[PDB]
């Protein structure tokens, strides 16, 4: 017997440490590795797992040509051992999907899988391996979700979903799902948040989600949610913004609305509230998906004249490609440990990655209440060595 996962507080932490790294592109030089993008990490009672949206092709084969394309019927959510490269011998196929979320409720895995035509997609809800429910696109405009783990509290899982324009007002919802059955949804209040996609969520008593505003916000929207309702919304106050693109530091302190500067498009990213402070992941570049650093901003969660970057860990150099990043948690004794992954995108459309495909590798970090050292953990592939 296993109890449902509980609403624990986040563990104390003061820095992030290298965890798992898959080196998937390097290891894919001989065409063994499945083409992927939009990876994430989620854990059950026994194991942490890598998930990603596969492209139904092996890296460097003719079918991998043109995999920059976001949505095809040949994309599936796949799962593979954390820190391993995805190969035909080690992967599991979870569901057909070109957008997804996964989370473990303490007893079973739930997954949310979107597929189908852009104007008539549906999300399949999978629970314990069985398709238990679905969501039909209601705005008929690329129904889509987190691309990282959802969160479950006392048996009820919450997941954020969007349907509507990429660069104009869209519909944003939170769905509450219990043992695979949709219990209710709420439209996210638009009093503060103006655009929301690709939420990265974690648990700190309540569920906290830090997301992507693809329209007018260079600052990230956020929500605080419990097993019943949305409790609070906003944008991260930090005058040091963390979307890409974004303005140079420092920019506007915008707690209650999108910055309206360098607002579109964006990249999936994450953060962790820590008291009144906030930790924010971001690309090193303000314009491109290169480099990765995590900053701690003093009083960055609140409206304050005192924001300062008290810590910056540079984890992937700006000479290296990054991509999406997202939060995941690991249960400690009586708290959840904050961790994250970084997607390291190689191939199109990255300048000088002269191959026809698009894929990624993964690196991950976890928070501890200790001082970290320093290093650089980029993809590491010599693109000139790769089959094109």
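Positions refer to the first chain, counted from 1.
Looking at mean Cα B-factors across 58 to 66 and 331 to 339, the upper value is held by 331 to 339. The question of which stretch, 5 to 13 or 18 to 26, has the higher mean Cα B factor is settled in favour of 5 to 13. Looking at 292, 208, 185, 270, the one whose CA carries the top B-factor in the deposited record is 185. When the C-alpha B factors of 227, 115, 252, 242 are read from the deposited coordinates, the top value falls at 252. Per-chain ranking of the deposited C-alpha B factor places residue 167 in the highest third.
In the deposited entry, the Cα temperature factor of residue 360 sits in the bottom third of values across the chain's modelled residues. Among the modelled residues of its chain, residue 277 has a C-alpha B-factor that falls in the middle third, as given in the PDB entry.
The PDB entry assigns residue 212 a C-alpha temperature factor belonging to the lowest third of its chain's modelled residues. In the deposited entry, the Cα temperature factor of residue 144 sits in the middle third of values across the chain's modelled residues.
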